[PDB]
Amino acid sequence: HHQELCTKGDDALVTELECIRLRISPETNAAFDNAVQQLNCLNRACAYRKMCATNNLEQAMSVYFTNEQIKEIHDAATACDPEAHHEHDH
């Protein structure tokens, strides 16, 4: 859209920031590391949020992990919950 670059603001993106920094559990480290390596944001939230914007990090990370894997790191990095659920969803 436009105003959809994570409309939960930088604030909740910072919440997710800490829920990205929790080392997570999935291929998160390997995958995003060479992913946000691409974008070279260093900060993995730049990566995650730019996918949230219009993709970016998903290149290398998605090469490494599978769709199901990033389902995990999805709810992992947003809910800070990489083990409990592969998908919290609701």
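Residues numbered from 1 in each chain as written, not as in the entry; some residues may be left out. Heavy atoms only, no water.

As annotated in the PDB entry, the chain carries the name Microplusin preprotein and is attributed to Rhipicephalus microplus. According to the record, the entry carries the title "NMR structure of microplusin a antimicrobial peptide from Rhipicephalus (Boophilus) microplus". The record held by UniProt for the chain lists under Function the comment "Has bacteriostatic activity against the Gram-positive bacterium M.luteus, but not against Gram-negative bacterium E.coli SBS363. Has fungistatic activity against C.neoformans, but not C.albicans. Binds and sequesters copper and iron ions. Copper-chelating is crucial for antimicrobial activity against M.luteus." If you open the UniProt record of the chain and go to Subcellular location, you find "Secreted". (UniProt positions renumbered as here; feature names shortened; annotations may be inferred.)

### Details of the overall build of the chain
The helix and strand tally for the chain stands at 5 helices and 0 strands. In the chain, the succession of helices and strands from N to C terminus is α-α-α-α-α. Taken over C-alpha atoms, the radius of gyration comes to 12 Å for the chain, in line with the 12 Å a tight globule of 90 residues would show. Seen along its three principal axes, the alpha-carbon backbone of the chain occupies a region of about 30 × 30 × 20 Å. Of the contacts made within the chain by residues no fewer than 6 positions apart, 56% connect residues no fewer than 24 positions apart. Here the chain displays about 5700 Å² of accessible surface, and carbon together with sulfur accounts for 47% of that area. (Helix = DSSP H or I, 4+ residues; strand = E, 2+ residues; numbered from the N terminus. Rg over C-alpha atoms; globule rule 2.2 N^0.38 Å. Contact = heavy atoms within 4.5 Å. Areas by Shrake-Rupley, 256 points an atom, 1.4 Å probe, with all protein chains shown as cover.)

### Topic: the state of the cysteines
Working definition: the covalent bond between the sulfur atoms of two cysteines is a disulfide. Inspection of every chain in the model, using the stated rule, returns 3 disulfides. The side chain of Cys19 participates in a disulfide bridge whose partner is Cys80; the two sulfur atoms lie 2.0 Å from each other. Highlighted residues: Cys19 in helix 1 (residues 9-21) and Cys80 in the segment after helix 5 (67-79), separated in sequence by 61 residues. Should the bonded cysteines of the chain be numbered as they appear in the sequence, the pairing reads 1-5, 2-6, 3-4. (Disulfide = S-S within 2.5 Å.)

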